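The structure appears below as structure tokens.
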Amino acid sequence: XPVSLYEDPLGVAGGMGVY
Amino acid sequence: XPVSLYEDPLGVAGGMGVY
Amino acid sequence: XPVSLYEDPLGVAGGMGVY
Amino acid sequence: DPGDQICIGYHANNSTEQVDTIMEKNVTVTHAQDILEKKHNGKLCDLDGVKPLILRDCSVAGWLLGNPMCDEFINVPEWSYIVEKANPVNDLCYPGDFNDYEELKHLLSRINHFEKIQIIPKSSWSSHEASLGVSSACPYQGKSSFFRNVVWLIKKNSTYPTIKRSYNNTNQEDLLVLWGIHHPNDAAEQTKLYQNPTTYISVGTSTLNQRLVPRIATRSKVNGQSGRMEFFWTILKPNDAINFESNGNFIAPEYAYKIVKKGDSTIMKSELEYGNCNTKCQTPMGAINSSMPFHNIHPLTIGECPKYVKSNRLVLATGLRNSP
Amino acid sequence: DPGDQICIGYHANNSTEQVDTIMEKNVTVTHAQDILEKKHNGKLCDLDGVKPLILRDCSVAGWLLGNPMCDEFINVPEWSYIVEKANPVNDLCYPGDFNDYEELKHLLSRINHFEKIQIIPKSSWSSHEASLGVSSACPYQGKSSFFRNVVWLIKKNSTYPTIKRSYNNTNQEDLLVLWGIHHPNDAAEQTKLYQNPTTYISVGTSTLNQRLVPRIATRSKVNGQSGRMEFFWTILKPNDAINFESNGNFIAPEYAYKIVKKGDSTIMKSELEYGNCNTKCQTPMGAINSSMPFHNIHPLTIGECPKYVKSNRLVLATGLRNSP
Amino acid sequence: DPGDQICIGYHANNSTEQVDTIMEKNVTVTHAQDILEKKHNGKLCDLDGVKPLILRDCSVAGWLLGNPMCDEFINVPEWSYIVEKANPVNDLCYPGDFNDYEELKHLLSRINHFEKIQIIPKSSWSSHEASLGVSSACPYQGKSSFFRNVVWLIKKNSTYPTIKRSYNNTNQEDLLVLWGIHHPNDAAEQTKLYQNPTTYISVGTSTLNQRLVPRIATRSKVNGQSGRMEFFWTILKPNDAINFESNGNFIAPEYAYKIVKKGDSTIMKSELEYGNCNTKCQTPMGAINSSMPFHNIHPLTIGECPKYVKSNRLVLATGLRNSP
Amino acid sequence: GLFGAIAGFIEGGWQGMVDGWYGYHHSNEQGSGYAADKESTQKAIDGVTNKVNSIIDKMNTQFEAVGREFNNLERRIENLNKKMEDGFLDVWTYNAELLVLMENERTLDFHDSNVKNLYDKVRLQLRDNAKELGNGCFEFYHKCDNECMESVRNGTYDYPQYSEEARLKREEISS
Amino acid sequence: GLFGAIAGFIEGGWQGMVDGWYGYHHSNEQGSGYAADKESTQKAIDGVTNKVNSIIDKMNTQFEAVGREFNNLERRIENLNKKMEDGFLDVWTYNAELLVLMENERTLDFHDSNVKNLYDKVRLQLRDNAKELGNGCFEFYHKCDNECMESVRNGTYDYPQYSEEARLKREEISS
Amino acid sequence: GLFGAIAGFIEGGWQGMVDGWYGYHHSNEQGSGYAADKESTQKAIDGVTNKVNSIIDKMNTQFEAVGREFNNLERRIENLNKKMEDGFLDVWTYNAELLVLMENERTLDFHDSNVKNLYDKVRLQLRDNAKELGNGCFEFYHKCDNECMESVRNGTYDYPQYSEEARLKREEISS
Ligand SMILES: *[C@@H]1O[C@H](CO)[C@@H](O)[C@H](O)[C@H]1NC(C)=O
Ligand SMILES: *[C@@H]1O[C@H](CO)[C@@H](O)[C@H](O)[C@H]1NC(C)=O
Ligand SMILES: *[C@@H]1O[C@H](CO)[C@@H](O)[C@H](O)[C@H]1NC(C)=O
Ligand SMILES: *[C@@H]1O[C@H](CO)[C@@H](O)[C@H](O)[C@H]1NC(C)=O
Ligand SMILES: *[C@@H]1O[C@H](CO)[C@@H](O)[C@H](O)[C@H]1NC(C)=O
Ligand SMILES: *[C@@H]1O[C@H](CO)[C@@H](O)[C@H](O)[C@H]1NC(C)=O
Ligand SMILES: *[C@@H]1O[C@H](CO)[C@@H](O)[C@H](O)[C@H]1NC(C)=O
Ligand SMILES: *[C@@H]1O[C@H](CO)[C@@H](O)[C@H](O)[C@H]1NC(C)=O
Ligand SMILES: *[C@@H]1O[C@H](CO)[C@@H](O)[C@H](O)[C@H]1NC(C)=O
């Protein structure tokens, strides 16, 4: 959802570790 | 000769495995 | 100084092994 | 018996995205980034709120000279780019030539706004007939007409006195002045229109030193006419002055154009028409609404656009080689 | 005592082929692929069965105007490319200028076949002498001559009536029309050849509106002559018509060229001559017969050619670093 | 208890040099090589001992025509490059035009030395006044003057006989010949200066066939004058000859230029002036003294220069990733 | 794979490790489960992000076409203009496509080598206190609670702590 | 070598392995001989073939010169035309030569890493059932018929089959 | 690091090894000190020198701008000329910057792999006659005078010479 395990500004891991 | 061990269309292994 | 451990024409190791 | 274990491994997922490499094509990856914009809205829109200048069936020449069929563009507001069709139908209604036309359109691609001013009023021709120069090649509402911004001057009482008219550009801006010359079919028509047999048109500024002379020849009839009208132009600088001297065949200036806004613009060749939209990037095939660094729509764009490339596909691999 | 062994290893062979890398030159590999074609046959050959047009010692101008020394090219068949030497010796036998010559050769590089037609027969000049216009600068078989495709018209009985001749292109194809004007040395020769002192040549089509006037001047003698002949051309479209009016100095058209085949062609600058061969790729130094993706022969080629590069060597490594 | 040890490791040092990679910027390395030259001396210097030609406030036209304010360049020695300011103040003192000016400057960028020779002495005008053609637009020491290398010829005793003067280039080198024509304000001044009302200037060589005719027009006064002077030039080859015929408005040649040294040169646009230095590489902003393969000073250079790039930084990593 | 880890001695990927590019799967008798290594995955995301920005930034000085117009007797310079523009477009298309190909290859090898380095890191940590199963797994010669699991995941594993219980079982297996 | 296999810990190549780029040489007491690994060699031939086709395909949009002609008073645009054409030719020559250099380097390293991966594959297969001689060879701690030779060549070697005969000889060598 | 040696299992560099890019630090009871490996460092200097010369040589056919002048009614071809020159300048700036980026990355990885290959070379030399500490160091299972130190530095280390004293201490440590 509204938080991620990673700093991913461009979304190179699209969805991995976001909840 | 008229047969090869490998699929080599461009001959990148020139002669290797042809008999 | 006036001798080096290495053949270094361009100085890619700048000063390493020169005495 | 089997001790505890720990294994090192890597991510896999449902991804079907494919990337290419030098040694292998169509490699499925867990994560990719498409960087190529392939879509447009198929419409000609405003550029950052400013509406373009759509010339429809009129060319640049018909616009600036005032081809009667171009009355929609008598006084156009500030534009963001110009749109002209590949082969407009309303060009030179009276057939002829436009001298240095392409250089003038190049000048145009850096102007955003003209301001038309009357520099020689059609009224002020007391010794010549300033309202007879009409033709059926330039019709307007079923009656013969002519370019609105230039005056085809005719003899008055079998007389054509030597015009000597000067205009001094008193404005602050550069001024695009246009004028022209008539080439008739024979000496008969020459005397019938201008009385004097051998005529001329001298034009002079601080840098211009021109003397035109009518060329008579029998030619093919285009839009009914074998005569030709050849048009010339110049940029009169502030405080400079233009001088006209003529004894016939003079297509006198009436309205000129004050260059009041300059900036980045373009003459875009497009068959589309206004689509009542807004964009930050326009192409002759449609507007682009994208964050991607590349596109493959058209090489000729205007605005804040992606960089154009000819490829049909451009995908970066970000993740791993994805396991089946 | 020593157990069984298995060793992992790699191929070596007799290969001496060398490749280069960023960090190391002249690295021997077991297998390479040369990708650079460095050989040609040194001959000018047909392109896919179609023979080129070798102009030998004649230039493009001498060919189309009909320089008497160019009779080999009076009616050339369809060609694949044109070959012209760097400095042909048979150009303008009568000295002068060829207006818009380079643009005409550019037009040529897209035409594969002309069809010469007689549009104004040299017979039909009843009021002028159509067979006196000869010169020693243009000799043919030891007697003075002139360009075969244009007529140098002379006064007849101290008269030069005003020619008014029109030709309407009734064919389906574009028509390359050529004509010319004479510049004599003095008013003496002017009256001697044309009687009228101040002459002109008006030319008119749907887009052409030309009026030439002879320029008299004392000049250096080139090939014996101080007079000059200046030639002009145009492309007359189907159903359009060309009109000539003149009272002297007219180098009238006789034959014009019907553009009956268009396609990709080129004017190749080469000193070679026909070599009675066939190729799929031609360069001004020789034909190429190759399957390789690159060559370093010449940048200017025609046909199905490799891509040109300036390198002296281009070899891909396919195999391993080869052990001595 | 702990046995002997040997460890494998790598160099570290005090280095702060940083390089960039695709995946990481500002990476400190033990050893780098800067390959970008960013410094210049801010001076215009000799090129390999040869001093340039600094035109200061005079343009190329004012130099070759001999604008009185350009006397510093009456007979310049061999140069290495030419320097001209963006907008020189000493150009055409008498206002007008320089025909084919840019092509002439292109010719210039391959010439290293002129040799001025007198081909038509101002003395030899016995039937015309060769010392009255002066103007206040071209002043020299408080008294009216004119271009030093051309003669403004005036009528003598209300007569202007038809000049017919020829010069045969007997030298071994090409010869740059310049001449000109006058456009007055009205027929009054026309007769006042040249008596004959309709005048002309014929120029002829082996390839030149020119006939100029004065264009009269009322124009704006530039530097006091509404008349114009239009200048023409040509390259007369060895053993060829130039012929002039005129009955007025002739700006006759006096001095011409023998092209005695050719080679690689350039017209550099620079506001700097001579800096009494020497260099092997010059830019319009300063000389470069460098062994590096690249520089970012200016794209337009002359000499043995580094290759220009637009980057602000270009550093190669040679050593390791340096440990803190 | 250039480094033989991804689709090499580790034959497949883990659909069950959903919050990381690389990581571990442990199986002691407290239980078994997946845990992502976030230091390595974040380092890799840093590298890939900088690579994407590098490509895009290097491409912003690329050629921009301009409309130009010519008349019937300027066919030479119109052809020159067209070939100039098409040549620059072909050049920059080559640049983009080739850079994408090369950097795609290098990105895949980058992930491969990241996996290989993770594996080597924990192998060098554990040494002879574990048998190397040859598929990316280690069979512990002692017993590893869920916390020496995190000790091998965070790089703070004490070899001399279980040295001689591992040597216990090593001597046992050797007979 | 970037991967230390070719001309590294394996010092030379085999003239006797004539039908493969990589492979094995076995020496049990049934005999000794060469056998090429055809899966790896064919994978490498696939990669190299696709690389060659990639280079050639990327080069088919390269600039093509065109003859153009100009007269004595068009020297500026003739010079412009010449420099345009020569600039595009220099650009594409740079592209070709540099791509060839870079891909040659990467091809050599590709072969190096293929050898290294083969070696690692059979090393991970055999584990402590063999001593690692350090030159690309393994000395078997048991006896390997010509068919467990093919079992290590085809990736189906059973470690627990000879586990304790290898442990037999390992305990023997340790005393 | 692509090869995990530099700033990997070897965590830092040696300020004390001042006359070599790679090398050794020995510590027997004769003493301890640094010694550079000059064969590998000179091979690397060869590679880096050839790389620098390669870049510079490939850049000497790069575009050179030329001053050209046009009059008030030649704005189309003046604009064409300006965009031609600026396009070639942008192209060659892209080439230079991108080649520098790519070759910088490959140079760093080259040094990484050189370190890794040195480490692997002496590890394969010593085999079970030494314990692999996991940080770039080897703890000798026998005693190594300052001359078997040079024997492992010059690649002439005799494993069967100290085979069974190393096996002595290996059997000792195992109990
Ligand atoms: C890759 O896939 C596309 C369809 O998605 C196909 O057209 C193309 O031929 C494939 N490439 C190869 C090399 O098989
Ligand atoms: C030429 O002749 C055709 C008849 O086929 C006619 O239609 C056309 O109008 C003519 N053109 C001129 C210019 O007379
Ligand atoms: C397109 O532009 C509109 C207007 O600004 C915006 O609402 C929309 O989000 C844009 N498209 C996308 C895909 O974001
Ligand atoms: C590579 O070999 C050629 C001759 O085959 C030689 O001319 C060239 O100098 C060599 N290159 C180097 C770097 O030695
Ligand atoms: C110029 O003079 C030379 C004599 O040296 C002569 O050969 C040449 O023909 C002359 N040229 C003309 C045009 O009179
Ligand atoms: C050259 O062309 C001829 C004719 O098609 C052909 O027989 C020959 O094989 C070609 N050359 C080569 C090397 O194949
Ligand atoms: C690298 O350092 C410079 C200053 O030396 C700084 O301006 C730049 O932003 C830095 N780059 C990054 C990516 O932090
Ligand atoms: C035009 O008028 C201005 C007055 O504002 C004057 O200064 C200028 O000289 C005039 N120009 C000419 C050419 O008469
Ligand atoms: C600059 O040139 C001078 C004169 O040749 C020379 O003495 C000096 O060393 C040069 N600069 C450098 C940094 O070498």
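Here are some notes:
- The distance between label points at residue F:100 and residue I:146 comes to 8.6 nm (points 7 Å beyond Cα on the Cα→Cβ vector).
- Cα-centre dipole for chain D with unit charges at Cβ (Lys and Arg positive, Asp and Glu negative), debye to 20: 1260 debye
- Per residue, the average separation of C-alpha pairs within less than 8 Å and at least 6 apart gives the stretch F:119-198 a relative contact order of 27 percent.
- FRET efficiency, 1/(1 + (r/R0)^6) with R0 41 Å, evaluated for residue E:122 and residue D:158 via beta carbons: 0.35
- Shortest first, residue I:150 label-point distances to identical copies amount to 5.3, 5.3 nm, with the label point at 7 Å from Cα along Cα→Cβ.
- Whole-number percent relative contact order across chain I, with pairs defined as alpha carbons under 8 Å at least 6 apart: 26 percent
- Residue list for the stretch E:100-139, given a label point 7 angstrom along the Cα-to-Cβ vector of residue E:74 and an amide N cut-off under 19 Å: E:114-124, E:131-135, E:138-139
- FRET efficiency, residue F:269 to residue E:189 (Cβ-Cβ, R0 51 Å, nearest 0.05): 0.55
- The dipole here belongs to the protein assembly as shown: it is taken about the Cα centre, uses +1 on the Cβ of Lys and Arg and -1 on the Cβ of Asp and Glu, and is about 10500 debye.
- Other-copy label distances relative to residue F:168, 7 angstrom Cα-Cβ extension, nm: 5.6, 5.6
- For the rotation carrying D onto E, the chain D residue whose Cβ lies nearest the axis, with the distance in whole Å, reads D:213, 6.
- Candidates G:66, G:115, G:100, ranked by Gaussian network fluctuation over chain G, Cα under 10 Å, top entry: G:66
- Ranking H:151, G:156, F:36 by how far each Cα lies toward the positive end of the dipole of the protein assembly as shown (charges on Cβ) leaves F:36 at the top.
- Under the combined filter of DSSP loop state and at most 13 neighbouring Cβ atoms within 10 Å, the stretch D:234-324 retains these GluC sites (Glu not before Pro): D:271, D:273, D:304.
- Between copies, residue D:271 shows label-point distances of 5.1, 5.1 nm, shortest first, with the point placed 7 angstrom from Cα along Cα to C-beta.
- Legend: ranking of residues G:122, F:177, E:89, D:50 from fewest to most surrounding C-beta atoms inside 10 Å; resulting order E:89, D:50, G:122, F:177.
- Within the protein assembly as shown, helix-based [θ] at 222 nm, where runs of 4 or more DSSP H residues each add -39,500 (n - 2.57), nearest 500: -7500 deg cm²/dmol
- Shielding score for E:233-245, defined as the mean number of other chain Cβ atoms within 10 Å: 2
- Per residue of peptide G:117-124, the mean number of Cβ atoms on other chains within 10 Å of the residue Cβ is 5.
- Peptide F:213-225 is shielded by partner chain Cβ atoms: per residue, an average of 5 of them sit within 10 Å of its Cβ.
- The longest part of chain G holding none of the exposed loop GluC sites (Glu not before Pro), meaning those outside H, G, I, E and B in DSSP with at most 14 other Cβ atoms within 10 Å, is G:30-175.
- The stretch E:290-324 residues near the modelled residue E:18 label - backbone nitrogen below 20 Å, point 7 Å along Cα→Cβ: E:311-324
None of the figures in this text is laboratory data; all of them are computed from the coordinates on show. Heads up, the Cβs are rebuilt from the backbone with ideal geometry, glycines too, and the neighbour counts pull from every protein chain shown.
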